[PDB]
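Take a look at this single chain in structure tokens; it is the form deposited in one PDB entry.
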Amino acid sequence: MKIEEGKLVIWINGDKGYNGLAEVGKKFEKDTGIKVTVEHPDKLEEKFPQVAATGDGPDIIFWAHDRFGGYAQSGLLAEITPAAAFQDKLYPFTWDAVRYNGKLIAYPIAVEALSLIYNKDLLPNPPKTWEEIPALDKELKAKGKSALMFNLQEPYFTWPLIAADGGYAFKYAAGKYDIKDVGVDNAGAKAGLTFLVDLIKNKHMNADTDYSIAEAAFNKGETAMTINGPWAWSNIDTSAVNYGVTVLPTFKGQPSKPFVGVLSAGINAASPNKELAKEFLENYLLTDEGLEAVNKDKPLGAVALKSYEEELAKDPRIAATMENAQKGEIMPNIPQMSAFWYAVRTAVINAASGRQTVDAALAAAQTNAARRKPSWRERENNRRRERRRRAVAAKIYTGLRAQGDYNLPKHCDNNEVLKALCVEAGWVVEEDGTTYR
């Protein structure tokens, strides 16, 4: 698709309040006449870098801030230049999340952190430690239920446990992240992933559990706990479950440390509606009424807008979210975050499935998250080099065929021409290529 003047197209993930956001787009059209289409395609965080490089993609893209550094490095995002008056409306630290190489590259929307969600009727007193969950499961299994179910296919949901005892993504020192100092293979990370794997080995969780499976099981009252973010609360409200949101359990005495995301809205550098996108975001979405429309559809978490966050912070579910967020850390936005996430995803899935050990899975994850992606020019240099090597060889064999006068079959490969060249030069070549004088 292509962005075209006079219309706005927005990409936001399918677990967010896209219906409420389209409601904001409808008000925008009422007052300005500009149509606003909100779409929630799959794997949008991966599709956007593929289409935007060529000029395609949506006008605005919503994702957590951790992806945006890589979009900016690739030149996919227009610089955001809000007036001071508007910057004053959002918490400074939310702006930090969307600053890359000194420039603001997106509008921050809301702060997200995972919390422990629990069924109060099945479990009036939720566990304070990861360690006690096995025994809690044994007890609930006798009653036909299970202790805990959460998405094991996305490393976002397992990272709090991996980081609890000392695992980290990229080390931060002297005011910067060290791209080559990755902490996914240290004792802390190994202990966290081992406990999770042992949960599966002892049949307290299933390695194939994903987002929809865990959400269905908690919202149907089959499991007593899940791990999820504020966007999930709306579907629980519609269910018959009496749920609480609280601090994640500790592991080895230390708090679980979720990676904290800032839902952010970037403007496609190829869009011809940059000013319209700015007006929509600053003056329609990032208002009390606009964020309310979105929040009422699927809760946003702690919104970047101070005026509305003052209301939302009264909700004890938000206070628990931010308690967890204080114990975690804001995600880096550096372009390498994509490589980190793929590597940890592979490690978690492979260790959960028994395909690899925890030590082997995390060792490979360490090297992969540190691996430098070859540039376009490097790939092209290698492609050309091998093109040239084949062309030189092909020309040699053409000349040997055309002038050798070797006693060759009507059809033969260049190996048979090589053999004849060898005999001419005084060599003997056996059937398997063994060659000697």
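Residue positions are given as counts along the sequence shown, with the first one as 1.
Averaged over Cα atoms, the B-factor as recorded in the entry is higher for 140 to 148 than for the other of 290 to 298 and 140 to 148.
Mean CA B-factor, 347 to 355 versus 150 to 158: the higher value falls on 347 to 355. Residue-level inspection of the entry shows that, of 96, 112, 210, 132, 132 has the top Cα B-factor. Among 384, 395, 371, 67, the highest C-alpha B-factor recorded in the PDB entry belongs to 371.
Per the PDB record, residue ranking by Cα B-factor puts residue 422 in the highest third of the chain. Compared with the other modelled residues of the chain, the Cα B-factor recorded for residue 177 ranks in the highest third. Ranked by C-alpha B-factor against the other modelled residues of its chain, residue 239 falls in the highest third.
When the modelled residues of the chain are ordered by C-alpha B-factor, residue 316 sits in the middle third. Looking at the C-alpha B-factors along this chain, the one for residue 388 belongs to the lowest third.
There is another form of the same protein, the form deposited in another entry; it is not shown, and what comes next is about it.
When the change between the shown form and the other one is described as the motion of two rigid parts, residue 177 sits in the other part from residue 306. Compared with the form shown here, the C-alpha atoms of residue 295 and residue 238 sit at least 3 Å farther apart in that other deposited form.
Between residue 123 and residue 295, the C-alpha separation grows by 3 Å or more in that other deposited form, relative to the conformation displayed.
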